[PDB]
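First up is the structure itself, then whatever we jot down about it.
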Amino acid sequence: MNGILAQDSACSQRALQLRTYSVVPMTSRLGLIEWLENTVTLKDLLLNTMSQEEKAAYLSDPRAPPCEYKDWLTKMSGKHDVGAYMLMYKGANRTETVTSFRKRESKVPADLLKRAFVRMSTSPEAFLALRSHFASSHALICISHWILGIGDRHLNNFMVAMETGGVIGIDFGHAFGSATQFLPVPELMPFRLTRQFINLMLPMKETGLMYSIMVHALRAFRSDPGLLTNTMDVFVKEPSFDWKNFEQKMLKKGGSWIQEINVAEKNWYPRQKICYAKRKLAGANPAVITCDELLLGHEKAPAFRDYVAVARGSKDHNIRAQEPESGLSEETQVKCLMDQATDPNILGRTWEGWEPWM
Ligand SMILES: Nc1ncnc2c1ncn2[C@@H]1O[C@H](COP(=O)(O)OP(=O)(O)OP(=O)(O)O)[C@@H](O)[C@H]1O
Ligand SMILES: [Mg+2]
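Shown next as C-alpha cells:
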C-alpha cells in the first residue's frame, strides 16, 4: 500500500504513509514484534489526561458510560450477558438508544484528547503541527482498514507517538470483516471515528482535512486495483489462514465471543472475502458490503433483519441509503463511510468493550 501511495502524485505531495514495524514469527508459537520509542496506547493517553475526580468517577460510577450502558442494555433486554446485545437489537428502536446514548456521551469529558495535546506541546506550532499530523494519520489508517476490513479497532489497538503525532495500528487479529462476521455481537463500523476525534477538530468538522485525505487515498488505491487485489487474493488463499487457525485465536478475547459453544466449522468462505474487497475497490456502497457480511455470518440469528436495518440506515437521517449500491465515486464512498462510522444508531448498539462513547 505504501508503494502505491508513494506512486500516487496527489498523495506524494502530502507525503502520506502508514508506519509498519517489522514482524517475525520464528515459530508457529513464537515471534518478535519490533518495538517503538515514546509510544502509548490511545487509552493510556486519554486516561493519563483525566483529573482525579474525572478518572475516579469514570472507573465505576453507576452513571458513568461503562455502568450506564450495561444498565441500559440490561433494562432494554432483561438479561445480563452477550444475549443482551442480541435482544436489544430486537428491543430498542432508534429513540430508545439515541436518548440514553446522548445522555451517556454527555458524561465523557469533551476536550480530553485536545487537553492532552495542549499539555504535551510547547507552543501553538507544537499544537497545530501535532493536530495536523495526527489527523492525517488517523484518516489514512481508517480508510486503509476499511479496505482490508479490519474490525477490532478499540482504543487499545491505536498507539500514538510523542516524537510526532502519527497514530499507529496494531493487533490485526481480524482481517477481511472477521469481527463483523463471526463474533456474537457484530461490530458494524468501517473503522473508529468516535466523538473525541471530531471534538479535536471541534470548530472545523471532518469535511476538511480528514475527508480530503480519505478521498485522496481511496482514489490513489482505486487507480490500480490489480496489484493490491492480487496481493489480497494471495493473502486469503494461504493454507494457514483457514478456520482452524482463526477460531483458536477467537478463544482469546476475554469472554466477548461465543464462549465454548457453536464453532459451526463449515463457516469459512475465502472467495467471498476477495470478492467483497474487489467490490469495495470498484465503488460499492459500504452499507451493502456490511449487509452482505451480516448475511454471510448471522443468517439464522433472530436479529438478522434488525442487524441489516441498522447497518443499512434510513433515508431520513443517514446518507448511505440515499445512494445506489454500486458505481459510487470516491467522494460518495467516503461520505457514506463517515456517515456509517458516526451514526449514533450504530454506536448505541456497539459492544461495550469497543467504547463507542469515547
Ligand atoms: N509494537 C509495539 N510497540 C510498542 N508497544 C506495543 C507494541 N505492541 C503492543 N504494545 C504494547 O503492549 C500492549 C500489549 O500488547 P498486545 O498487542 O499483545 O496486547 P493485546 O493482547 O492486544 O491487549 P489489549 O487488546 O488489551 O490491548 C499494548 O497495549 C501496547 O501498550
Ligand atoms: Mg489489542
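Residue numbers (PDB author numbering): 3771 to 4128.
The C-beta atom is built at its ideal place from N, Cα and C for all residues, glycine as well.
Limits of the unbroken alpha helix (DSSP H) element including residue i
{"i": "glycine 3801", "result": "First-last for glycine 3801: 3801–3803, but that is the beta strand (DSSP E), not the alpha helix (DSSP H)."}
{"i": "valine 3937", "result": "From DSSP, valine 3937 is part of no alpha helix (DSSP H) but of the beta strand (DSSP E) over 3937–3939."}
{"i": "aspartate 4076", "result": "4074–4082"}
{"i": "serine 4099", "result": "From DSSP, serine 4099 is part of no alpha helix (DSSP H); its letter is neither H nor E."}
{"i": "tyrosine 4046", "result": "4040–4052"}
{"i": "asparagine 3969", "result": "3965–3970"}
{"i": "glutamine 3822", "result": "3822–3830"}
{"i": "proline 4114", "result": "4114–4117"}
{"i": "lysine 3884", "result": "3882–3888"}
{"i": "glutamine 4029", "result": "Counting along the chain, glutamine 4029 falls outside any alpha helix (DSSP H), and DSSP gives it neither H nor E."}
{"i": "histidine 4087", "result": "Run containing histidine 4087: none; DSSP gives neither H nor E here."}
{"i": "residue 4134", "result": "This structure leaves residue 4134 out entirely; the chain is present only between 3771 and 4128."}
{"i": "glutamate 3866", "result": "3864–3876"}
{"i": "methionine 3980", "result": "3979–3992"}
{"i": "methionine 3856", "result": "3853–3861"}
{"i": "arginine 3901", "result": "3894–3918"}
{"i": "residue 4132", "result": "No information on residue 4132 is available, as it lies outside the stretch 3771 to 4128 that the chain covers here."}
{"i": "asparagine 3772", "result": "3772–3777"}
{"i": "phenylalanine 3942", "result": "Unbroken run through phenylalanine 3942: none, as it is neither H nor E."}
{"i": "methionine 4002", "result": "3995–4006"}
{"i": "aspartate 4062", "result": "4056–4067"}
{"i": "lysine 3840", "result": "3835–3847"}
Nearest candidate by alpha-carbon position, reference residue i, set the options
{"i": "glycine 3943", "options": "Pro3832, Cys4045, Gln4018", "result": "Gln4018"}
{"i": "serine 3779", "options": "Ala3990, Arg4075, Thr4120", "result": "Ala3990"}
{"i": "residue 3746", "options": "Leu3812, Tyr3791, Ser3948, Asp3841", "result": "In the structure displayed, the chain extends from 3771 to 4128; residue 3746 sits before or after that span and is not available."}
{"i": "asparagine 3808", "options": "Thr3934, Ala4054, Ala3776, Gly4024", "result": "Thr3934"}
{"i": "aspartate 3941", "options": "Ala4034, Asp3922, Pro3954", "result": "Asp3922"}
{"i": "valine 3852", "options": "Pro4126, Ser3893, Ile4028, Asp3881", "result": "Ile4028"}
{"i": "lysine 3845", "options": "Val4080, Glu3823, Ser3870, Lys3825", "result": "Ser3870"}
{"i": "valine 4080", "options": "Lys4070, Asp4109, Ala3909, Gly4097", "result": "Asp4109"}
{"i": "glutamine 4042", "options": "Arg4075, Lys4007, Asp4076, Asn4032", "result": "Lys4007"}
{"i": "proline 3956", "options": "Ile3938, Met3856, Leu3910, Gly3861", "result": "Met3856"}
{"i": "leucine 3788", "options": "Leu3843, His3908, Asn3926, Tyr3981", "result": "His3908"}
{"i": "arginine 3799", "options": "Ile4031, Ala4071, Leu4065, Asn4015", "result": "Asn4015"}
{"i": "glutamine 3966", "options": "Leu3882, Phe3904, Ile4044", "result": "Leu3882"}
{"i": "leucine 4117", "options": "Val3810, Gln3777, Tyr3859, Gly3801", "result": "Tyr3859"}
{"i": "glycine 4083", "options": "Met3959, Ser3948, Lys3813", "result": "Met3959"}
{"i": "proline 3973", "options": "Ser3876, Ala3776, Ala3880", "result": "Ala3880"}
{"i": "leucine 3816", "options": "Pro3995, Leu3925, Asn3969, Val4078", "result": "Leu3925"}
{"i": "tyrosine 3981", "options": "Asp3831, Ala3826, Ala4111", "result": "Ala4111"}
{"i": "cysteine 4061", "options": "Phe4074, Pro4126, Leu4051", "result": "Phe4074"}
{"i": "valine 3810", "options": "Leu4021, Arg3992, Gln4092, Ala3886", "result": "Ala3886"}
{"i": "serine 3906", "options": "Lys3975, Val3794, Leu3979", "result": "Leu3979"}
{"i": "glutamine 4092", "options": "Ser3891, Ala4057, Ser4010", "result": "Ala4057"}
{"i": "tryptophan 4127", "options": "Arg3833, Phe3904, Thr3819, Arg3872", "result": "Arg3872"}
For residue i, the residue or residues it bridges with in DSSP
{"i": "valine 3810", "result": "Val3930"}
{"i": "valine 3793", "result": "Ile3803"}
Residue environment, residue i, which counts as buried when at least 16 other CB atoms sit within 10 Å
{"i": "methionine 3796", "result": "exposed"}
{"i": "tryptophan 3805", "result": "exposed"}
{"i": "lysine 4085", "result": "exposed"}
{"i": "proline 4094", "result": "exposed"}
{"i": "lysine 4105", "result": "buried"}
{"i": "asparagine 4088", "result": "buried"}
{"i": "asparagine 4055", "result": "buried"}
{"i": "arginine 4119", "result": "buried"}
{"i": "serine 3893", "result": "exposed"}
{"i": "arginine 4090", "result": "buried"}
{"i": "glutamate 4035", "result": "exposed"}
{"i": "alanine 3949", "result": "buried"}
{"i": "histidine 3915", "result": "buried"}
{"i": "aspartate 4113", "result": "buried"}
{"i": "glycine 4025", "result": "exposed"}
{"i": "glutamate 4069", "result": "exposed"}
{"i": "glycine 3801", "result": "exposed"}
{"i": "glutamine 3783", "result": "exposed"}
{"i": "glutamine 3777", "result": "exposed"}
{"i": "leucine 3843", "result": "buried"}
Rounded distance between the beta-carbons of residue j and residue i, thought under 8 Å
{"i": "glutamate 4101", "j": "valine 3930", "result": "Not really, about 28 Å apart at Cβ, beyond 8 Å."}
{"i": "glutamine 3951", "j": "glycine 4067", "result": "4 Å"}
{"i": "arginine 3874", "j": "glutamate 3824", "result": "Contact flag wrong, Cβ pair sits at about 15 Å."}
{"i": "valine 3937", "j": "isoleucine 3917", "result": "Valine 3937 to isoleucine 3917, Cβ: 17 Å. No contact."}
{"i": "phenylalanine 3928", "j": "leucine 3812", "result": "4 Å"}
{"i": "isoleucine 4059", "j": "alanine 3987", "result": "About 18 Å separates the two Cβ atoms, so there is no contact after all."}
{"i": "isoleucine 4044", "j": "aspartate 4003", "result": "5 Å"}
{"i": "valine 3868", "j": "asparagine 4115", "result": "7 Å"}
{"i": "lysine 4048", "j": "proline 4009", "result": "So it is not a contact: roughly 22 Å between Cβ atoms."}
Residue i beta carbon near ligand 3 (any heavy atom closer than 7 Å)
{"i": "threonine 3844", "result": "For the structure depicted, ligand 3 is absent and the ligand set comprises only ligand 1 and ligand 2."}
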